[PDB]
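Here you get one chain, nothing else, as structure tokens; it is the form deposited in one PDB entry.
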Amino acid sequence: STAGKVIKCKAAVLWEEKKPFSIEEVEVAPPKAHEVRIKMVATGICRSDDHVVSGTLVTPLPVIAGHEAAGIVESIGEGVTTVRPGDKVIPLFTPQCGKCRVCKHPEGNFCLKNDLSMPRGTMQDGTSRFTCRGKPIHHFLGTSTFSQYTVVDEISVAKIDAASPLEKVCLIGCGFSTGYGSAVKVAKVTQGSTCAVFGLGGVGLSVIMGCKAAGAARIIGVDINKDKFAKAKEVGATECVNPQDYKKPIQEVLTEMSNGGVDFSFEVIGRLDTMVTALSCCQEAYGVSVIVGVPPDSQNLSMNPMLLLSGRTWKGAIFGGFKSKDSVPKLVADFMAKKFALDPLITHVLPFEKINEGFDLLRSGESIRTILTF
């Protein structure tokens, strides 16, 4: 029907920092070589999208944001082989080009073609496929999922099982994989181990599920909001601790409770102080602490390097350490085989045109995850 033609559809456009998203009629050019055009079925609202709004995550404006989605391939440009029209897909904010020294490395996943480091707001060829009233609109992280239709480079899209439910599995595009991979791929949580998870929003819940899939014996959820504990326990936390209940510092409580420190700690709040507390509460000799997110305007933290010298390991990663194009389809296969449950993460579902309401829910802390549906 619409292959090789411009498509007019609606998108949420951010014209300037600190303003609401405007629903606009936009033109979406046909995909050029190695590009795929996708019809969006559902998209998650993530913190990172809010950082674009606030000017924290610097990216050229005006922009169509959104990076956590699923959809259906509408058409493919010249020389696309990995996907076909009608295939279900997940766009990847971390590409997997397969060629660079990161993609060749057994451990790396932060592909050198990413648009995160020095953002240009373009496709890989350096132009945009979006216009609004003749004016070009930037892409975001080579995904731009706040549009009924989007164009993405083939290196940034993963084919998933034909029978997948898209309203759930869009979370595999960011929040779930980030948390789950942090435990299963970055930390390599072992059977029988003790884990502590600082922050019980969506990504901390996903870390907990990863710790549980890896066979942790004890998983201690830490959060200053007691309302988060009920869901943390439902997905696998064996205990929950609220640092405001104590007279002593939380790392001293966690070191007492785990008889000398936890095997794996995970920082998923994004706060400087809690990064350092998380490192300290892991066992001095062989503890691993993983930093799951960092706000993109963070200052320096302050840390005594003696924490590392006994044998601790501090690490970070993007997208849970997963090589994106390889892993996403296998995570979706595991969901289809019922190995984990995404529904506890989904607290609100809104139609796309209520995007600004979605962001309010995110800003206020009522939501674990809001999904927008098209």
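A residue's number is simply how far along the shown sequence it sits, counting from 1. Between two forms, the rigid core is defined as the largest C-alpha subset superposing within 1.5 Å.
Quiz item: Can you tell me which stretch has the higher mean Cα B-factor, 46-54 or 332-340?
Solution: For C-alpha atoms only, the mean B-factor is higher in 332-340.
Quiz item: If you average the CA temperature factors over each stretch, which comes out higher, 157-165 or 205-213?
Solution: Stretch with the higher mean C-alpha B-factor: 157-165.
Quiz prompt | Top residue by Cα temperature factor, when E234, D263, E267, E284 are compared in the entry | solution = Comparing C-alpha B-factors across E234, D263, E267, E284, the maximum falls on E234.
Practice problem: Go through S280, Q96, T194, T82 one by one and give the residue whose Cα B-factor in the PDB entry is largest. | Solution: Of the options given, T82 has the highest CA B-factor in the PDB entry.
Quiz item: Ranked by Cα temperature factor within the chain, is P351 in the lowest third, the middle third or the highest third?
Solution: For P351, whose C-alpha B-factor we compare with every modelled residue in the chain, the answer is the middle third.
Practice problem: Report the third (lowest, middle or highest) to which the CA temperature factor of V253 belongs, ranking only the modelled residues of the same chain. | Solution: Highest third of the chain for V253's C-alpha B-factor.
Quiz item: Where does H138 sit by CA temperature factor within its chain: lowest, middle or highest third?
Solution: Its C-alpha B-factor belongs to the lowest third of this chain's values.
Quiz item: Ranked by Cα temperature factor within the chain, is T59 in the lowest third, the middle third or the highest third?
Solution: For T59, whose C-alpha B-factor we compare with every modelled residue in the chain, the answer is the highest third.
Practice problem: Pull the Cα B-factor of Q244 out of the PDB entry and bin it into the chain's lowest, middle or highest third. | Solution: Within its chain, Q244 is a highest-third residue by C-alpha B-factor, going by the deposited values.
The same protein has a further form, the form deposited in another entry, not shown here; the description that follows concerns it.
Quiz item: Once you line up the core, how about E234: does its CA shift reach 2 Å between this form and the one not shown?
Solution: Comparing the forms between this form and the one not shown, which are aligned on their rigid core, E234 does not shift its C-alpha by 2 Å or more.
Exercise. Establish whether a shift of 2 Å or more occurs at the C-alpha of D245 between this form and the one not shown, with the two forms superposed on the rigid core.
Key: Yes, the C-alpha moves 2 Å or more.
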